[PDB]
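Structure first, then comments.
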Amino acid sequence: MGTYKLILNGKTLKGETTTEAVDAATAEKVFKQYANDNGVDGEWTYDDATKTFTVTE
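FYI, in the deposited numbering the residues of the sequence shown are 1 to 57.
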């Protein structure tokens, strides 16, 4: 597997968490719960080189 670094990059608040899965779609699907619960809903963009997945709002 690979560890995806979730970075909440919002217009009011931010967050930083980490979760590993077989693919990007699982990282996104799972973290969306927390993202919207925390108050961030934006553009989900991934970088496999850095293993980062930023939600920019």
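Each residue gets a CB set at the ideal place from its N, CA and C atoms; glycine is no exception.
Three-way DSSP call (helix, strand, coil) for residue i in this model
| i | result |
| --- | --- |
| residue 12 | coil |
| residue 50 | coil |
| residue 22 | coil |
Exposure of residue i, with buried meaning 16 or more beta-carbon neighbours within 10 Å
| i | result |
| --- | --- |
| residue 8 | buried |
| residue 22 | exposed |
| residue 27 | buried |
| residue 35 | buried |
Cβ distance (whole Å) where residue i is taken to contact residue j below 8 Å
| i | j | result |
| --- | --- | --- |
| residue 12 | residue 39 | 7 Å |
Proximity of residue i and residue j at Cβ, strictly below 9 Å
| i | j | result |
| --- | --- | --- |
| residue 5 | residue 50 | yes |
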